[PDB]
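The data below hold one chain only, encoded as structure tokens and taken in the form deposited in one PDB entry.
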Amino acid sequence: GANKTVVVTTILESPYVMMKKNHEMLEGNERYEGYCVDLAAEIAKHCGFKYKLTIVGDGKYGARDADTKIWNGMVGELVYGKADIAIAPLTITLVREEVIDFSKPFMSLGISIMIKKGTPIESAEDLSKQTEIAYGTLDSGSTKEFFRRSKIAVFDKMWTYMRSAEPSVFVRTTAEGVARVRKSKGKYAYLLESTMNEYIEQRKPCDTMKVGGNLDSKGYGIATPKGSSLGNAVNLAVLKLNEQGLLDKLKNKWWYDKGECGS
């Protein structure tokens, strides 16, 4: 049939997609900025489609409710036919891969530790061997799952603590985790993806730090409905853009050129 505008679903997560400060004055795709806004433009160019950016209606990434079996978030919008492509920091996982198609990674990352500067923690082992400093993860996401699935003693000890800690150590969003680190006076550490951690470390008030190495190695992928004809071209575009350096150019633009914490 005739071509139609492609509906892109994405999520407000800095610096991937942000409302421009003057968005009330703008319309359409021009309302948004960030790494994934720039990536969407490049993918559309390299696949030859016109597109409309939309923010996922429920504000969520995508998980399946254990009781109703309904997918929420961006994954749900793809699964149920409400969007054509998701361009966001959507971690490639087994459970999602079974229901949607993913490009090869456009960004690589791993689980990492965020502290308020001066917190006496250098490693996951340090967290696991003390109790004064609480620590947790995003409540719905791949970081929590790493701990749930681990057979490594340190990470098992961490999961046993986190899963039962009161008050809850799990947070609703990255912004909530960061705020909790910043406001808990060194008594909360946040486990999150290295990409977000490294971004926040270069944001005012410049009071957080990434500590230690990454605990694993994963990727973000562009997602399409399973079997969608768009997936092949999107995947080729990701590889081509990576090979020509464009993805690293965008990362440097949004993480470091725009850093607020010095050079």
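Don't overthink the numbering: it's just position in the shown sequence, from 1. Note that the rigid core is defined as the largest set of C-alphas that superpose within 1.5 Å between two forms.
Not pictured, yet referred to below: the form deposited in another entry.
Summarising the superposition on the core between the shown form and the other one, the listed residues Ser103, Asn72, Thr91, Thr143 contain exactly one with a Cα shift of 2 Å or larger, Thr143. Core-superposed comparison between the shown form and the other one: CA of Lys187 displaced by 2 Å or more.
Once the cores line up, the CA of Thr174 ends up 2 angstroms or more apart between the shown form and the other one. Core-superposed comparison between the shown form and the other one: CA of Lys82 displaced by less than 2 Å.
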